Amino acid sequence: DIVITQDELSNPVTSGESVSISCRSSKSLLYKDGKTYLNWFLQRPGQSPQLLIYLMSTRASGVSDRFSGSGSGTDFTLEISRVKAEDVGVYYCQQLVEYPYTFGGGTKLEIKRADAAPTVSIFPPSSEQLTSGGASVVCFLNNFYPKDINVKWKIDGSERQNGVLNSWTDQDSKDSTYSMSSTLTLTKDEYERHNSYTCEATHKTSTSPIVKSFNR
């Protein structure tokens, strides 16, 4: 099987600069018809891959003329002119010269933008959830940049790590920000034994942690 190897980018990349994504093969992708059987795709979160380039250098219908393919034999580049916020996602190369067809491992692209403080919102357990013996305290940390962020929970002033689950988005293709959910899940029994619930975000945009709280 032909092995395909991609290199990572020096992330984050700078808007308006050219970006080169590297793809290398363990065997020549040149076929006897004089064409080189290499494709390039972009995959966005929750979506299928989109074809950018086929046969090493042909741009697909509907793709920005900022995207071009180059290379020869075992060494290939996807060239992005004037990189834009909408170019964030994961770029794949693929060989089709020999069975089985094989893909590279993907190259994620992230873009630098202006620093942006998170919008922090805390929500106590709903009346509805408390009836089933569960108590989830939800905190959103939305539209921040850079992605570096630390979230802490406090119950009556003491830090709580057990029962915390975090989830976050990839960089937004429109505003170039990140967002995160932090959920502290307690039993109703433990929730009703404490009063103060705090979610605290440490981000470079504020000297002090950004804190939202409520009292049961």
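In case it trips you up, residue 1 is the first one in the sequence shown, and so on.
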On mean C-alpha B-factor from the PDB entry, just flag whether 131-139 or 81-89 is the higher one.
131-139
Which wins on mean Cα temperature factor, 104-112 or 121-129?
121-129
Going by the CA temperature factor in the entry, name the top one among 61, 43, 176, 179.
61
Have a look at 184, 149, 51, 155 and flag the one whose Cα has the highest B-factor in the entry.
155
Would the CA B-factor of residue 199 place it in the lowest, middle or highest third of its chain?
lowest
Relative C-alpha B-factor of residue 171, binned into the chain's lowest, middle or highest third
lowest
Quick one: classify residue 207 as lowest, middle or highest third of the chain based on its Cα B-factor.
lowest
According to the PDB entry, is the CA B factor of residue 37 in the bottom, middle or top third of its chain, that is, lowest, middle or highest?
middle
Where does residue 11 sit by CA temperature factor within its chain: lowest, middle or highest third?
middle
